[PDB]
Amino acid sequence: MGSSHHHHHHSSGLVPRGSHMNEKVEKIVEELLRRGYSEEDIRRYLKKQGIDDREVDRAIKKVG
């Protein structure tokens, strides 16, 4: 009788709750920072994209 509880190796968890749209904001802001962009191009882009200087700075404070 094939009964196994094998290990999930190299796998992220799951979000069993409703996803608040900050999940997408924190994602899209971190996306360009994560690729080693300089803060010049980062802030220049996002402020133009309709992400306020306080909004992005708060999102960078959230990831910490």
# chains A, B, ... in the order shown; residues from 1 in each chain; ligands from 1

call {"tool": "select_by_dssp", "arguments": {"residues": "chain A", "states": "alpha helix (DSSP H)", "output": "number ranges by chain"}}
result
A: 22-33, 39-48, 53-63

call {"tool": "write_last_selection", "arguments": {"atoms": "N, CA and C atoms", "output": "mmCIF file, in the first residue's frame"}}
result
data_model
loop_
_atom_site.group_PDB
_atom_site.id
_atom_site.type_symbol
_atom_site.label_atom_id
_atom_site.label_comp_id
_atom_site.auth_asym_id
_atom_site.auth_seq_id
_atom_site.Cartn_x
_atom_site.Cartn_y
_atom_site.Cartn_z
ATOM 1 N N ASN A 22 -1.923 45.329 -2.219
ATOM 2 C CA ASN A 22 -0.535 45.675 -1.846
ATOM 3 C C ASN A 22 0.434 44.571 -2.306
ATOM 4 N N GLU A 23 -0.013 43.297 -2.247
ATOM 5 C CA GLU A 23 0.743 42.123 -2.753
ATOM 6 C C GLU A 23 1.287 42.371 -4.186
ATOM 7 N N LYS A 24 0.468 43.042 -5.016
ATOM 8 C CA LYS A 24 0.842 43.425 -6.391
ATOM 9 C C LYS A 24 1.739 44.677 -6.417
ATOM 10 N N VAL A 25 1.472 45.660 -5.525
ATOM 11 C CA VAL A 25 2.248 46.929 -5.473
ATOM 12 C C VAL A 25 3.705 46.649 -5.034
ATOM 13 N N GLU A 26 3.845 45.927 -3.903
ATOM 14 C CA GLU A 26 5.144 45.487 -3.345
ATOM 15 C C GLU A 26 5.928 44.646 -4.371
ATOM 16 N N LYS A 27 5.187 43.846 -5.160
ATOM 17 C CA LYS A 27 5.752 43.017 -6.237
ATOM 18 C C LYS A 27 6.386 43.894 -7.336
ATOM 19 N N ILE A 28 5.569 44.789 -7.927
ATOM 20 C CA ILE A 28 5.942 45.558 -9.134
ATOM 21 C C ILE A 28 7.038 46.597 -8.837
ATOM 22 N N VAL A 29 7.068 47.124 -7.591
ATOM 23 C CA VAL A 29 8.112 48.079 -7.169
ATOM 24 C C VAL A 29 9.443 47.336 -6.936
ATOM 25 N N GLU A 30 9.372 46.168 -6.264
ATOM 26 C CA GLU A 30 10.557 45.353 -5.949
ATOM 27 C C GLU A 30 11.168 44.775 -7.239
ATOM 28 N N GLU A 31 10.303 44.536 -8.249
ATOM 29 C CA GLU A 31 10.659 43.900 -9.539
ATOM 30 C C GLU A 31 11.875 44.579 -10.216
ATOM 31 N N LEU A 32 11.835 45.918 -10.351
ATOM 32 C CA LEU A 32 12.945 46.685 -10.973
ATOM 33 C C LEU A 32 14.148 46.833 -10.011
ATOM 34 N N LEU A 33 13.898 47.055 -8.695
ATOM 35 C CA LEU A 33 14.996 47.152 -7.683
ATOM 36 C C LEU A 33 15.844 45.860 -7.633
ATOM 37 N N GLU A 39 18.934 53.874 -8.219
ATOM 38 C CA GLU A 39 17.763 54.583 -7.663
ATOM 39 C C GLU A 39 17.326 55.766 -8.559
ATOM 40 N N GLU A 40 18.272 56.275 -9.382
ATOM 41 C CA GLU A 40 18.008 57.327 -10.378
ATOM 42 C C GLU A 40 16.887 56.868 -11.327
ATOM 43 N N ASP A 41 17.136 55.760 -12.057
ATOM 44 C CA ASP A 41 16.185 55.230 -13.061
ATOM 45 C C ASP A 41 14.904 54.726 -12.386
ATOM 46 N N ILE A 42 15.071 54.126 -11.188
ATOM 47 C CA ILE A 42 13.962 53.598 -10.372
ATOM 48 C C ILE A 42 12.915 54.684 -10.084
ATOM 49 N N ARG A 43 13.330 55.715 -9.333
ATOM 50 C CA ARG A 43 12.435 56.788 -8.881
ATOM 51 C C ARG A 43 11.913 57.605 -10.075
ATOM 52 N N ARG A 44 12.777 57.828 -11.082
ATOM 53 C CA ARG A 44 12.403 58.542 -12.327
ATOM 54 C C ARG A 44 11.232 57.840 -13.043
ATOM 55 N N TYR A 45 11.318 56.502 -13.096
ATOM 56 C CA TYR A 45 10.340 55.661 -13.797
ATOM 57 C C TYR A 45 9.009 55.668 -13.054
ATOM 58 N N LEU A 46 9.085 55.354 -11.753
ATOM 59 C CA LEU A 46 7.911 55.109 -10.901
ATOM 60 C C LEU A 46 7.081 56.372 -10.685
ATOM 61 N N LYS A 47 7.755 57.513 -10.480
ATOM 62 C CA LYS A 47 7.083 58.819 -10.325
ATOM 63 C C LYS A 47 6.291 59.181 -11.600
ATOM 64 N N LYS A 48 6.854 58.802 -12.762
ATOM 65 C CA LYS A 48 6.215 58.993 -14.080
ATOM 66 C C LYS A 48 5.043 57.987 -14.254
ATOM 67 N N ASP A 53 6.353 59.602 -4.743
ATOM 68 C CA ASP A 53 7.663 59.464 -4.058
ATOM 69 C C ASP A 53 7.504 58.856 -2.644
ATOM 70 N N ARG A 54 6.382 59.199 -1.980
ATOM 71 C CA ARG A 54 6.006 58.672 -0.658
ATOM 72 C C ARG A 54 5.538 57.207 -0.780
ATOM 73 N N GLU A 55 4.806 56.907 -1.876
ATOM 74 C CA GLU A 55 4.223 55.568 -2.144
ATOM 75 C C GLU A 55 5.325 54.511 -2.311
ATOM 76 N N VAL A 56 6.283 54.801 -3.215
ATOM 77 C CA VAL A 56 7.442 53.923 -3.454
ATOM 78 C C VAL A 56 8.296 53.805 -2.186
ATOM 79 N N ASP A 57 8.561 54.945 -1.508
ATOM 80 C CA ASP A 57 9.421 54.982 -0.289
ATOM 81 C C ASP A 57 8.815 54.153 0.859
ATOM 82 N N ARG A 58 7.481 54.134 0.901
ATOM 83 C CA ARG A 58 6.700 53.327 1.850
ATOM 84 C C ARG A 58 6.809 51.830 1.514
ATOM 85 N N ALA A 59 6.766 51.519 0.212
ATOM 86 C CA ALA A 59 6.878 50.141 -0.289
ATOM 87 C C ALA A 59 8.296 49.578 -0.061
ATOM 88 N N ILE A 60 9.307 50.464 -0.112
ATOM 89 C CA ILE A 60 10.716 50.100 0.167
ATOM 90 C C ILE A 60 10.922 49.958 1.694
ATOM 91 N N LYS A 61 10.108 50.698 2.462
ATOM 92 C CA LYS A 61 10.074 50.603 3.931
ATOM 93 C C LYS A 61 9.370 49.305 4.379
ATOM 94 N N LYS A 62 8.399 48.840 3.564
ATOM 95 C CA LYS A 62 7.628 47.618 3.846
ATOM 96 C C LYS A 62 8.508 46.367 3.694
ATOM 97 N N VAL A 63 9.272 46.292 2.587
ATOM 98 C CA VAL A 63 10.266 45.211 2.389
ATOM 99 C C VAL A 63 11.440 45.385 3.384
#

call {"tool": "atom_distance", "arguments": {"atom1": "atom CA of residue A:15", "atom2": "atom CA of residue A:37"}}
result
28.7 Å
